[PDB]
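Colleague: To kick things off, part of the complex as it is:
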Amino acid sequence: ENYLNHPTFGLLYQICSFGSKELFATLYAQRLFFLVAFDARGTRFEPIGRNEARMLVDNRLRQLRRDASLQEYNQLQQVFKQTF
Amino acid sequence: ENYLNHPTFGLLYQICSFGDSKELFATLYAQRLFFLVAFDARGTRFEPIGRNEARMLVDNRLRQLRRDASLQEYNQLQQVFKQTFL
Amino acid sequence: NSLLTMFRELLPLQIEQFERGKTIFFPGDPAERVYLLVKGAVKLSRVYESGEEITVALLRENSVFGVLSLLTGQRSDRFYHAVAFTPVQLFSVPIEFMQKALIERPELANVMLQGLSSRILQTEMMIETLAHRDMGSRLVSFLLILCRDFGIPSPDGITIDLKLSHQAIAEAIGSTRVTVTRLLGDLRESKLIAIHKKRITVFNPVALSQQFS
C-alpha cells in the first residue's frame, strides 16, 4: 500500500520494513525485488534475488509474531502469502 | 529480386547496378533503409544512405541506360524505380 | 538520474521544450540525434499510407530514444513518428558529438547501455501485453504498465498521471476505439477502475498483476 519509484525501474510497492530499511517489489508481475533505505541524503536502491528476498521477510515474520502485536503479524503474512 | 545478407539488418534486395560496379540494396521489409554495396576482394562493404539520396542515384542510371542501351533494360529499372519511389 | 546528470554535460546543454501534440521528428527525417526524455511522455508511432497509427512504445521520464542514429548515423532516415504526447522536456545530442564523448568518459558509456537495456525490456514487456488473445487481459496488462510508468499515488488507487483518449489507447493495444470504450465500461462496473477528467485510477494494481505470475 506504499509505492516508491526507482527511475529506470518505474513504480515499486512496499513488502515489509526490516527496522527503517524497507523491501520494495516491481509492479508488473513482481519480477525484481529492491532493498530501499530512506537515508536523509536521498533514497538508495539495491536489487536482490527472489529466493533471497524471501528469507529476509521470513525472519521479519517470526519477529512480528514473537515480539509484537497480532494485527501486524497477520498483515505481513497476507503480503507474504500473496507474494509467494 | 537479387539478395544479399547484411549481418545486422538481415536480408537486403537489389535495386540496380551502377557503372562504377557499385550496387544499391534496400531493406526487405518496408524498404526502411538503403545501402550502397562495393565488392572489394575482401570488401563487400556496406554504405548506408537515405531515400532522397538513393532516388537520384537510380535516376542517373535511368538516363544512361535509355540512351546507350536496350529499352528493356531501361524499362526493367523503370519498373523498380516506379515501385520503389512512386 | 545519472543519465540525467551525464546528458547535462554535453559548456552545458540547454533543455528542449515540446508543446502538447507537437512533433519531435517525422518519418523520413535524417536520424542524426539521440534524445533523452527528462519529463513528460513521448509517443513513438508507425504511420501507414492508409493514414492509420500504431503506437510502438509510449516512453517515460529518463528514457533514451532516437536509437536509430547510433547504428547508421545522420545518413539514414526515420520511419517512426515521435510525438510529444504530454508537455515534455528533453535533451538532444548529435550522434557524432556523442560517439567521441563515449570514449572520453567511460562512466557515461555504461550509463547509456543501462538506459537502452531498460527500453529493450520495456519494449519486450509490451510484446507480452499485445501477445494476449483476450482483449480484456490485454487492456489491463497495458494499464498495469501505465501505472508503473506514469502512475501516482491516489487514496483509492494508483491514478496514472496522463490523459488518454480512447483512440489513443486503441492505437496502443491494437484495437478499435469502440471496443475500448466498451471494455472500459466493463471495468467500471466490475469496480476495478475509476475515471474522472480523463484520469484512469486503478484500485490495488498489485491484485491485478497477481494474475500474471
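Modeller: Structure's in. What do you need? Numbers count the residues shown, from 1 in each chain, chains lettered A, B, ... in the order given.
Colleague: Which strands or helices does the biggest helix by length in chain A pack on?
Modeller: Across chain A, the longest stretch assigned as helix under DSSP state H is helix A:50-67. Contacts defined by 3 or more CB pairs under 8 Å, 6 or more residues apart in numbering or on different chains; DSSP states H and E place helix A:50-67 against strand A:10-17, strand A:22-26, helix A:70-83. C-betas here are computed from N, CA, C, even on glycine.
Colleague: How far off centre is it?
Modeller: In terms of CA atoms, centre = their mean, to the nearest Å, the centre of helix A:50-67 is found 10 Å from the chain centre.
Colleague: rewinding a little: tell me which of the helices and strands packed on helix A:50-67 lies nearest to residue B:55.
Modeller: Residue B:55 lies closest to strand A:10-17 among the helices and strands packed on helix A:50-67, at 42.8 Å (CB to CB).
Colleague: okay, the angle between that closest one and helix A:70-83?
Modeller: Put simply, strand A:10-17 runs at 130 degrees to helix A:70-83, going by axes from the mean of the first three to the mean of the last three CA atoms, to 10 degrees.
Colleague: throw chain D onto that model:
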Amino acid sequence: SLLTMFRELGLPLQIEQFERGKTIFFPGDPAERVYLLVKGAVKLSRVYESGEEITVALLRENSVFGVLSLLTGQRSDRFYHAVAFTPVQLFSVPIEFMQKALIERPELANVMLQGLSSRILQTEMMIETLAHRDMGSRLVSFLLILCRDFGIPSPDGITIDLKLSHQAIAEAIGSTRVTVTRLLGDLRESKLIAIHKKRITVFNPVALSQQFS
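Modeller: With chain D added, the chains above now look like this:
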C-alpha cells in the same frame, strides 16, 4: 564487429555449444552473464504457470541478449525463457568481467550500443506485427520478418532456414495453433507461400511488403 569484440574478452574466450531445443537460461536462474548468439536462433519466451508459452522475440545471428544482467547485476533473476530454437553457437562473458572490459576498451562500448539498438528496433518491429487486428495481416507481417532474419534465397521465393511448428508460430503472433494451420492453408491456395520438407517459402516477399505501407 560484435563477433570480433566478444572474442577478445578473456586471452581467448571459448564458444559454447547448444543442442536443438536445449535451454540456455530458465526463469528464476540468476542472471550473471551477457550473451552473444553467433550462429542459429534463440527463442526468448514468457512462461505462465498455466504452461502457456509466449514468444517475446526470436533472435537472429549477431544478436545481443542477457540485456537484463547489465542493469540488474548477478543478484536479480531471469523472467524469460531462453531456448535454443535451432542448433546454436554463442559467447558468454560475466557482466562484471564485461563492465571492466567496457572501460578498458571504450571502442567496444560503442559496438555494443549499436547491438542493443538493433534489438530495440527488432523488438519494435514485432510490436508492429502484433499491433494488427487482422490475423491474416499479422501472420504475413511476421513471416516477412522471418524472411528478413532467418530467410535463405530460394528460386521461387525466400525460404526461411528454420524448422517451425504451427504451435511455435502461434505462440509468436499471439494466437492458437488451429488458426495458424487454418490461415496458412488460405495462403497456400492464394499461392503466396509454400511448405516443403517442413520449411516455409514466401513468393516475392517485396510485393507483400508494399501492401504494408
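Colleague: just to revisit the earlier point, can you list the neighbours in contact with the longest helix of chain A?
Modeller: A:15-16, A:18, A:23, A:25, A:33, A:48, A:72-73, A:76-77, A:79-80, A:83-84, D:28, D:75, D:77 (CB atoms under 8 Å, 6 or more residues apart in numbering or on different chains).
Colleague: try 7 Å this time
Modeller: A:15-16, A:18, A:23, A:33, A:72-73, A:76-77, A:80, A:84, D:28, D:77 (CB atoms under 7 Å, 6 or more residues apart in numbering or on different chains).
Colleague: Got the domain ranges for the chain?
Modeller: Because you didn't say which chain, this covers chain A. Following CATH domains of a matching chain, one finds the domains of chain A at A:1-48, A:49-84.
Colleague: ah, I was thinking of chain C
Modeller: If you go by CATH domains of a matching chain, chain C breaks into C:6-119, C:120-213.
Colleague: got the end-to-end distance for the shortest one?
Modeller: Terminal residues of domain C:120-213 lie 20 Å apart, using CA to CA, to the nearest Å.
Colleague: Another chain to add, DNA strand E:
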DNA sequence: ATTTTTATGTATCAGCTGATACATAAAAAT
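Modeller: Next up, DNA strand E placed on what we already have:
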C-alpha cells in the same frame, strides 16, 4: 457566453477466431 468540434456512451449484427475434438501424417522413441 454561444457554437461547434471532439470525445465518450450506446446500439447492432456479422463474422472471424478461440475452444474443442478428431483424423491423419510425420517424427521421435523404443
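Colleague: Please re-evaluate the contacts of helix A:50-67 in the presence of DNA strand E.
Modeller: By CB under 7 Å, 6+ apart, the surrounding residues in contact with helix A:50-67 are A:15-16, A:18, A:23, A:33, A:72-73, A:76-77, A:80, A:84, D:28, D:77.
Colleague: In that helix, which residues are buried?
Modeller: A:50, A:53, A:56-57, A:60, A:64 (16 or more other CB atoms under 10 Å in any protein chain shown).
Colleague: and which of the residues you listed is nearest chain D?
Modeller: residue A:50 (5.2 Å; CB to the nearest CB).
Colleague: Can you give me the distance of the closest one to residue A:29?
Modeller: Here the criterion is CB to CB, to the nearest Å. By it, residue A:50 lies 12 Å from residue A:29.
Colleague: Residue C:197 now?
Modeller: Using CB to CB, one gets 30 Å for the distance from residue C:197 to residue A:29.
Colleague: what do you get for residue C:1?
Modeller: Between residue C:1 and residue A:29 the computed distance is 26 Å (CB to CB).
Colleague: Taking chain A, what residue is nearest to DNA strand E?
Modeller: Across chain A, the shortest distance to DNA strand E (CB to the nearest atom of the strand) belongs to residue A:29, at 20.0 Å.
Colleague: now the closest residue to that residue other than its chain neighbours, what's its secondary structure?
Modeller: Leaving aside its sequence neighbours, residue A:29 sits nearest to residue C:212 (CB to CB, 6 or more residues apart in numbering or on different chains; 4.8 Å). Going by DSSP: H, G, I helix; E, B strand; the rest coil, the secondary structure assigned to residue C:212 is coil.
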